[PDB]
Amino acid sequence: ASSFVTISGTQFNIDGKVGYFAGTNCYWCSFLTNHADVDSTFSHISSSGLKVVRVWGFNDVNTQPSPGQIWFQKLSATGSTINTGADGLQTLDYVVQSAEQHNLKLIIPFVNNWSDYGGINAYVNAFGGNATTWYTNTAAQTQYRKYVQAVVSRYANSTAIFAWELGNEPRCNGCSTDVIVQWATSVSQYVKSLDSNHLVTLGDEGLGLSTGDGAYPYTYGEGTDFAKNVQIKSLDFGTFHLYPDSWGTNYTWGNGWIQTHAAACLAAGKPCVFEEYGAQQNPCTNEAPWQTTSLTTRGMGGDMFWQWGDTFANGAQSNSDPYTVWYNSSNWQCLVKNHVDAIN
């Protein structure tokens, strides 16, 4: 079957099947000029047994790139431009079309907290203020909401969308936690007014939760409160991320991070998705136990590692980083095939 993704009780329902899912992150899948390169990559993800892919819904600039290069939006105080041309949102159309053809679903965020592919910083350059006042800057929010309608209106009736996502890792450093609560309540109400067929989520890392061991990620210095955010009425499920080598914690601490978040999602009546994770050293040894903890914890509906790597018909390879898991490699055997086999 081919249907809209919904919630069934405490779990997800994907094409009529209720139960736990595995997926992957592929930010770079959105910025390909040859659609055959998107299609070969999605053929590999589908034959591996994965069901969901996370891809970027943004590409923000203050000055247009070299002719031929991709850009989705140009931010300016004298009038901004949304690009629906061949070198614009048509490359994101390639990804939604490929998902329909290979039986996959997509999670899509609308802006980045970080400055990669523009982010909040590109809005700051155009409209003034700073990274924490962005949430309440009138001109910046008016343009963000126009960008949300331009993306949602293309795909609101496609069965390939898993969920819309407000941003990639939203933070408000040192702020009251109410700034993000009020912003997210208003923006998620707006997305639901444009599309009643699909689910909606925040995209946060999961910071700020009092049931943990007190390490920095559990404290309240980045403007977020996990229990308060997951109880917002117009959000349908919780998200959280995990990077111990950047956070100053050890690898085994990740199991407790998964368990506390899963319980907070279930106390709010909803599932959680373990949406982005990686270890810089020995990934097969250190990430495999995390995968088993998520599969066997009540309140967890799925997980997606960072990140997929692949190669094309011309012999070139995709964008890569220290966390890349290359298709058909020894780390694909340990973290993709073996995990899919344990789910079914």
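The numbering used is simple: start at 1 and walk along the sequence shown.
- In this crystal structure, the stretch out of 163 to 171 and 90 to 98 whose C-alpha atoms carry the higher mean B factor is 90 to 98.
- The question of which stretch, 143 to 151 or 74 to 82, has the higher mean Cα B factor is settled in favour of 74 to 82.
- Of the residues listed, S158, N250, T219, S115, the entry assigns the biggest Cα temperature factor to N250.
- Highest CA B-factor among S46, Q317, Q307, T296, as stated in the entry: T296.
- Looking at the C-alpha B-factors along this chain, the one for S40 belongs to the lowest third.
- In the deposited entry, the Cα temperature factor of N197 sits in the middle third of values across the chain's modelled residues.
- Split the chain's modelled residues into thirds by C-alpha temperature factor. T211 is in the highest one.
- For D236, the recorded CA B-factor ranks within the middle third of the chain. Only modelled residues enter the ranking.
- Ranked against the other modelled residues of its chain, the C-alpha B-factor of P65 as given in the entry falls in the highest third.
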